[PDB]
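coords.txt (compact mmCIF, C-alpha atoms and all ligand atoms) appears below.
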# COMPACT_ATOMS: atom_id res chain seq x y z
CA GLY R 1 -125.45 64.86 -138.55
CA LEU R 2 -123.60 65.40 -135.28
CA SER R 3 -120.37 67.35 -134.83
CA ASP R 4 -117.25 65.62 -133.52
CA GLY R 5 -117.84 67.48 -130.28
CA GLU R 6 -121.39 66.17 -130.08
CA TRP R 7 -120.29 62.61 -130.76
CA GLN R 8 -117.72 62.96 -127.98
CA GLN R 9 -120.51 63.97 -125.59
CA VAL R 10 -122.70 61.08 -126.74
CA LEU R 11 -120.00 58.50 -126.06
CA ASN R 12 -119.03 60.22 -122.81
CA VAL R 13 -122.64 59.99 -121.65
CA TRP R 14 -122.77 56.36 -122.80
CA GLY R 15 -119.95 55.66 -120.37
CA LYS R 16 -122.65 55.88 -117.70
CA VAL R 17 -124.69 53.15 -119.37
CA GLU R 18 -121.75 50.77 -119.73
CA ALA R 19 -121.02 50.87 -115.99
CA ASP R 20 -124.39 49.18 -115.38
CA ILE R 21 -125.80 48.04 -118.71
CA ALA R 22 -128.31 45.69 -117.05
CA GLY R 23 -129.65 48.30 -114.64
CA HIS R 24 -130.04 50.94 -117.33
CA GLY R 25 -131.52 48.40 -119.73
CA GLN R 26 -134.09 47.23 -117.20
CA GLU R 27 -135.21 50.75 -116.26
CA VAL R 28 -135.54 51.80 -119.90
CA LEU R 29 -137.85 48.87 -120.66
CA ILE R 30 -139.86 49.37 -117.45
CA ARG R 31 -140.29 53.05 -118.29
CA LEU R 32 -141.38 52.02 -121.80
CA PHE R 33 -143.85 49.36 -120.62
CA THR R 34 -145.38 51.31 -117.75
CA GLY R 35 -145.66 54.48 -119.80
CA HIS R 36 -146.96 52.77 -122.94
CA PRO R 37 -148.72 49.46 -122.05
CA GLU R 38 -149.45 48.70 -125.70
CA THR R 39 -145.71 48.19 -126.22
CA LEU R 40 -145.71 45.29 -123.76
CA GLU R 41 -148.12 43.46 -126.07
CA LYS R 42 -145.46 43.32 -128.80
CA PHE R 43 -143.41 41.00 -126.55
CA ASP R 44 -145.06 37.61 -126.09
CA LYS R 45 -142.31 36.83 -123.58
CA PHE R 46 -143.19 39.81 -121.35
CA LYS R 47 -146.98 39.89 -121.70
CA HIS R 48 -147.24 37.81 -118.51
CA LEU R 49 -145.86 40.80 -116.61
CA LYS R 50 -148.95 42.28 -114.96
CA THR R 51 -147.29 44.64 -112.47
CA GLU R 52 -144.10 46.69 -112.28
CA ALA R 53 -143.03 44.53 -109.35
CA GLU R 54 -143.11 41.52 -111.64
CA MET R 55 -141.17 43.60 -114.19
CA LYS R 56 -138.43 44.58 -111.76
CA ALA R 57 -138.24 40.96 -110.59
CA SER R 58 -137.97 39.54 -114.12
CA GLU R 59 -134.41 38.39 -114.85
CA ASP R 60 -135.30 37.82 -118.50
CA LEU R 61 -136.44 41.44 -118.82
CA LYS R 62 -133.08 42.55 -117.45
CA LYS R 63 -131.44 40.13 -119.88
CA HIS R 64 -133.24 41.64 -122.86
CA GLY R 65 -132.46 45.14 -121.63
CA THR R 66 -128.78 44.23 -121.91
CA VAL R 67 -129.25 42.87 -125.44
CA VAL R 68 -131.06 46.05 -126.45
CA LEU R 69 -128.58 48.56 -125.01
CA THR R 70 -125.56 46.57 -126.20
CA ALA R 71 -126.95 46.78 -129.74
CA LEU R 72 -127.65 50.53 -129.46
CA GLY R 73 -124.20 51.15 -127.99
CA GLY R 74 -122.50 49.37 -130.87
CA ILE R 75 -124.47 51.59 -133.25
CA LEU R 76 -123.59 54.78 -131.35
CA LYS R 77 -119.88 53.99 -131.41
CA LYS R 78 -120.08 53.99 -135.22
CA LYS R 79 -120.88 57.70 -135.00
CA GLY R 80 -123.34 57.71 -137.89
CA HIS R 81 -121.60 55.16 -140.11
CA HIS R 82 -124.01 52.45 -138.95
CA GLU R 83 -125.64 51.23 -142.18
CA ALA R 84 -124.55 47.61 -141.64
CA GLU R 85 -125.49 47.62 -137.95
CA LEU R 86 -128.79 49.43 -138.36
CA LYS R 87 -130.26 47.74 -141.46
CA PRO R 88 -130.82 44.29 -139.89
CA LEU R 89 -132.49 45.81 -136.82
CA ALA R 90 -134.80 47.99 -138.89
CA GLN R 91 -135.77 44.91 -140.89
CA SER R 92 -136.40 42.60 -137.93
CA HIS R 93 -138.45 45.18 -136.05
CA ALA R 94 -140.58 46.16 -139.03
CA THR R 95 -141.04 42.71 -140.61
CA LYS R 96 -140.87 40.30 -137.69
CA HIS R 97 -141.72 42.25 -134.56
CA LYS R 98 -144.07 44.74 -136.23
CA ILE R 99 -142.80 47.71 -134.23
CA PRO R 100 -144.24 51.11 -135.31
CA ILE R 101 -141.67 53.91 -135.52
CA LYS R 102 -143.73 55.60 -132.78
CA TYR R 103 -142.53 52.96 -130.31
CA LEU R 104 -138.94 53.82 -131.18
CA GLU R 105 -139.83 57.42 -130.33
CA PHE R 106 -141.16 56.19 -126.97
CA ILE R 107 -138.01 54.20 -126.11
CA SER R 108 -135.86 57.14 -127.21
CA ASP R 109 -137.61 59.43 -124.72
CA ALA R 110 -137.36 56.66 -122.13
CA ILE R 111 -133.56 56.55 -122.49
CA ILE R 112 -133.41 60.32 -121.87
CA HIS R 113 -135.67 59.96 -118.83
CA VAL R 114 -133.66 57.11 -117.30
CA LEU R 115 -130.36 58.97 -117.72
CA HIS R 116 -131.79 61.92 -115.79
CA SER R 117 -133.36 59.61 -113.21
CA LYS R 118 -130.18 57.62 -112.52
CA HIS R 119 -127.82 60.59 -112.87
CA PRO R 120 -129.69 63.67 -111.56
CA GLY R 121 -127.60 66.79 -112.07
CA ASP R 122 -124.97 64.79 -113.94
CA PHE R 123 -126.60 64.79 -117.40
CA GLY R 124 -126.07 68.34 -118.64
CA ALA R 125 -127.97 70.43 -121.18
CA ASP R 126 -125.15 69.91 -123.68
CA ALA R 127 -125.16 66.14 -123.05
CA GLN R 128 -128.94 65.82 -123.39
CA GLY R 129 -128.72 67.77 -126.64
CA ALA R 130 -126.01 65.51 -128.07
CA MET R 131 -127.69 62.27 -126.98
CA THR R 132 -131.03 63.48 -128.33
CA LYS R 133 -129.49 64.15 -131.75
CA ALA R 134 -127.90 60.70 -131.79
CA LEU R 135 -131.20 59.03 -130.92
CA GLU R 136 -133.02 61.04 -133.59
CA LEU R 137 -130.44 60.07 -136.22
CA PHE R 138 -130.92 56.43 -135.20
CA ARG R 139 -134.71 56.81 -135.36
CA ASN R 140 -134.53 58.68 -138.65
CA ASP R 141 -132.31 56.11 -140.35
CA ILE R 142 -134.63 53.32 -139.20
CA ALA R 143 -137.62 55.30 -140.47
CA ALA R 144 -135.99 55.39 -143.90
CA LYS R 145 -135.71 51.60 -143.92
CA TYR R 146 -139.33 51.39 -142.75
CA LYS R 147 -140.51 53.46 -145.71
CA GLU R 148 -138.48 51.22 -148.00
CA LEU R 149 -140.47 48.28 -146.61
CA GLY R 150 -143.69 50.28 -146.63
CA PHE R 151 -144.14 49.37 -142.98
CA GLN R 152 -146.46 51.48 -140.86
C1 LIG V 1 -133.17 51.45 -128.82
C2 LIG V 1 -134.05 50.67 -129.84
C3 LIG V 1 -134.04 49.16 -129.96
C4 LIG V 1 -132.97 48.33 -130.10
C5 LIG V 1 -131.49 48.65 -130.17
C6 LIG V 1 -133.54 47.00 -130.16
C7 LIG V 1 -132.76 45.85 -130.27
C8 LIG V 1 -133.18 44.54 -130.33
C9 LIG V 1 -132.29 43.40 -130.50
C10 LIG V 1 -130.80 43.51 -130.69
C11 LIG V 1 -133.14 42.34 -130.58
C12 LIG V 1 -132.84 40.76 -130.84
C13 LIG V 1 -132.41 40.63 -132.42
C14 LIG V 1 -133.67 40.95 -133.53
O1 LIG V 1 -134.75 40.27 -133.08
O2 LIG V 1 -133.49 41.91 -134.20
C15 LIG V 1 -134.49 42.83 -130.42
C16 LIG V 1 -135.69 42.11 -130.40
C17 LIG V 1 -137.02 42.51 -130.23
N1 LIG V 1 -137.36 43.81 -130.11
FE1 LIG V 1 -136.13 45.37 -130.12
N2 LIG V 1 -134.92 46.95 -130.08
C18 LIG V 1 -135.22 48.30 -129.93
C19 LIG V 1 -136.53 48.72 -129.73
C20 LIG V 1 -137.69 48.00 -129.64
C21 LIG V 1 -139.01 48.53 -129.38
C22 LIG V 1 -139.32 50.01 -129.18
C23 LIG V 1 -139.84 47.46 -129.37
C24 LIG V 1 -141.36 47.35 -129.19
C25 LIG V 1 -142.07 47.84 -128.20
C26 LIG V 1 -139.01 46.31 -129.64
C27 LIG V 1 -139.44 44.99 -129.73
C28 LIG V 1 -138.73 43.81 -129.94
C29 LIG V 1 -139.29 42.46 -129.94
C30 LIG V 1 -140.73 42.12 -129.74
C31 LIG V 1 -138.21 41.65 -130.09
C32 LIG V 1 -138.17 40.14 -130.06
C33 LIG V 1 -138.01 39.66 -128.55
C34 LIG V 1 -138.07 38.26 -128.36
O3 LIG V 1 -139.15 37.63 -128.51
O4 LIG V 1 -137.06 37.63 -127.92
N3 LIG V 1 -137.68 46.61 -129.79
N4 LIG V 1 -134.51 44.19 -130.28
Before anything else, please render the file you have as structure tokens.
Amino acid sequence: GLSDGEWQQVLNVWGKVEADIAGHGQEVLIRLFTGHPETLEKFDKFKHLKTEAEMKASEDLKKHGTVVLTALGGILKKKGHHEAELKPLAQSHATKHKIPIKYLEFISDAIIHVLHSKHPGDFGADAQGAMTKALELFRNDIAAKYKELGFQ
């Protein structure tokens, strides 16, 4: 798990996201979709997005970005004690949305990329390390639920 010091960094970094949850949410999804087109196909409500221009101009995409980051933030604030918050998400994404754990890896890297892109020189080595560990814990706990379900 993460140390108290690492959790403090994680939530300090998250402060950046909460100042513009919609903007960060939108960029994360755009980075995910442009970098891994196959992911777009998992969203029937975003498959109509042919170009990045259409993506950036989609208010619903920004809306979902907020839903996604608000959920992740709630989980992060639990500092590891997220069984109740994480279980339902793991279940919906494996059973309903059919999202391979690989796509969670993609969005994890996307979050790291967007933080550096929006806050160049303001996302330190220590901060990236803490945030990375938090995202891996998240991904690892979901992976456990995925194995339980036998979802690949
Ligand atoms: C940081 C990781 C993620 C979080 C916190 C997250 C969160 C959410 C939340 C809170 C919902 C609505 C409630 C439910 O349907 O569970 C949702 C829906 C959904 N998610 Fe995720 N998600 C994540 C990653 C992904 C990834 C990587 C994909 C696939 C590329 C994905 C695909 C979907 C789809 C297809 C829906 C349903 C959208 C709709 O039709 O309205 N999610 N997600």
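The binding environment of ligand LIG 1 (chain V), defined as every protein, DNA or RNA residue with an atom no more than 6 Å away and counting all atoms listed in the file, comprises residues 39, 42, 43, 45, 67, 68, 69, 71, 72, 89, 92, 97, 99, 103, 104 and 107 of chain R.
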Skipping near chain neighbours, those fewer than 3 positions away, what residues fall within 9 Å of range 12-21 of chain R using all atoms listed in the file, listed as an mmCIF file with C-alpha atoms, in the coordinates of the input?
data_model
loop_
_atom_site.group_PDB
_atom_site.id
_atom_site.type_symbol
_atom_site.label_atom_id
_atom_site.label_comp_id
_atom_site.auth_asym_id
_atom_site.auth_seq_id
_atom_site.Cartn_x
_atom_site.Cartn_y
_atom_site.Cartn_z
ATOM 1 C CA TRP R 7 -120.290 62.610 -130.760
ATOM 2 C CA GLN R 8 -117.720 62.960 -127.980
ATOM 3 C CA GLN R 9 -120.510 63.970 -125.590
ATOM 4 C CA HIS R 24 -130.040 50.940 -117.330
ATOM 5 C CA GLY R 25 -131.520 48.400 -119.730
ATOM 6 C CA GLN R 26 -134.090 47.230 -117.200
ATOM 7 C CA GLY R 65 -132.460 45.140 -121.630
ATOM 8 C CA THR R 66 -128.780 44.230 -121.910
ATOM 9 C CA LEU R 69 -128.580 48.560 -125.010
ATOM 10 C CA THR R 70 -125.560 46.570 -126.200
ATOM 11 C CA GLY R 73 -124.200 51.150 -127.990
ATOM 12 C CA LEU R 76 -123.590 54.780 -131.350
ATOM 13 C CA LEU R 115 -130.360 58.970 -117.720
ATOM 14 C CA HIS R 119 -127.820 60.590 -112.870
ATOM 15 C CA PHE R 123 -126.600 64.790 -117.400
ATOM 16 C CA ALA R 127 -125.160 66.140 -123.050
ATOM 17 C CA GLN R 128 -128.940 65.820 -123.390
ATOM 18 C CA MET R 131 -127.690 62.270 -126.980
#
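Reported to one decimal place, the separation of CA of residue 101 in chain R from CA of residue 143 in chain R is 6.5 Å.
When only C-alpha atoms are used to measure the gap to residue 4 in chain R, the shortest distance among R:144, R:79, R:139, R:86 belongs to R:79.
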All file atoms of range 8-17 of chain R boxed axis-aligned, 8 Å per side, centre plus edges, as AutoDock Vina command-line options:
--center_x -121.2 --center_y 58.6 --center_z -122.8 --size_x 23.0 --size_y 26.8 --size_z 26.3
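Between CA of residue 54 in chain R and CA of residue 118 in chain R the separation is 20.7 Å.
Nearest to residue 130 in chain R of all the residues R:112, R:22, R:61, R:93 is R:112, based on only C-alpha atoms.
What separates CA of residue 91 in chain R from CA of residue 146 in chain R is a distance of 7.6 Å.
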Restricting to only C-alpha atoms, whichever of R:38, R:30, R:75, R:44 is closest to residue 58 in chain R is R:30
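Counting only C-alpha atoms, the residue from R:27, R:6, R:136, R:41 that sits nearest to residue 55 in chain R is R:27.
Minimum atom-to-atom distance to residue 84 in chain R, evaluated using all atoms listed in the file, belongs to R:142 out of R:28, R:142, R:2, R:11.
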Repair of range 33-56 of chain R at the level of N, CA and C atoms, as a compact mmCIF listing (two decimals), keeping the file's coordinate frame:
# COMPACT_ATOMS: atom_id res chain seq x y z
N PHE R 33 -142.65 50.17 -120.86
CA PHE R 33 -143.85 49.36 -120.62
C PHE R 33 -144.89 50.01 -119.72
N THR R 34 -144.44 50.67 -118.66
CA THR R 34 -145.38 51.31 -117.75
C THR R 34 -145.97 52.56 -118.39
N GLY R 35 -145.16 53.28 -119.16
CA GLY R 35 -145.66 54.48 -119.80
C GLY R 35 -146.50 54.23 -121.04
N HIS R 36 -146.24 53.12 -121.72
CA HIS R 36 -146.96 52.77 -122.94
C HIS R 36 -147.28 51.28 -122.95
N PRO R 37 -148.29 50.86 -122.17
CA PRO R 37 -148.72 49.46 -122.05
C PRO R 37 -148.84 48.70 -123.36
N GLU R 38 -149.29 49.37 -124.42
CA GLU R 38 -149.45 48.70 -125.70
C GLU R 38 -148.14 48.08 -126.17
N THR R 39 -147.01 48.69 -125.80
CA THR R 39 -145.71 48.19 -126.22
C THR R 39 -145.45 46.81 -125.64
N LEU R 40 -145.91 46.58 -124.41
CA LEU R 40 -145.71 45.29 -123.76
C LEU R 40 -146.32 44.17 -124.61
N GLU R 41 -147.44 44.46 -125.26
CA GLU R 41 -148.12 43.46 -126.07
C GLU R 41 -147.31 42.97 -127.27
N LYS R 42 -146.28 43.72 -127.66
CA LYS R 42 -145.46 43.32 -128.80
C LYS R 42 -144.48 42.22 -128.40
N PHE R 43 -144.31 42.03 -127.09
CA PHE R 43 -143.41 41.00 -126.55
C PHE R 43 -144.22 39.86 -125.94
N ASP R 44 -144.32 38.74 -126.63
CA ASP R 44 -145.06 37.61 -126.09
C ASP R 44 -144.35 37.04 -124.87
N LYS R 45 -143.06 37.34 -124.72
CA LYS R 45 -142.31 36.83 -123.58
C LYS R 45 -142.37 37.75 -122.36
N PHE R 46 -143.05 38.89 -122.48
CA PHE R 46 -143.19 39.81 -121.35
C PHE R 46 -144.65 40.16 -121.09
N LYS R 47 -145.56 39.59 -121.87
CA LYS R 47 -146.98 39.89 -121.70
C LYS R 47 -147.53 39.35 -120.38
N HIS R 48 -146.82 38.40 -119.78
CA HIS R 48 -147.24 37.81 -118.51
C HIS R 48 -146.98 38.78 -117.36
N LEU R 49 -146.17 39.80 -117.62
CA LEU R 49 -145.86 40.80 -116.61
C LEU R 49 -147.06 41.71 -116.39
N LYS R 50 -147.76 41.49 -115.28
CA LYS R 50 -148.95 42.28 -114.96
C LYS R 50 -148.62 43.56 -114.21
N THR R 51 -147.67 43.48 -113.28
CA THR R 51 -147.29 44.64 -112.47
C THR R 51 -145.83 45.04 -112.68
N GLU R 52 -145.47 46.21 -112.17
CA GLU R 52 -144.10 46.69 -112.28
C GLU R 52 -143.20 45.87 -111.36
N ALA R 53 -143.78 45.34 -110.29
CA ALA R 53 -143.03 44.53 -109.35
C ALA R 53 -142.54 43.30 -110.11
N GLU R 54 -143.45 42.70 -110.86
CA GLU R 54 -143.11 41.52 -111.64
C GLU R 54 -142.06 41.88 -112.69
N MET R 55 -142.13 43.11 -113.19
CA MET R 55 -141.17 43.60 -114.19
C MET R 55 -139.77 43.70 -113.60
N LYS R 56 -139.69 44.38 -112.46
CA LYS R 56 -138.43 44.58 -111.76
C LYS R 56 -137.83 43.26 -111.29
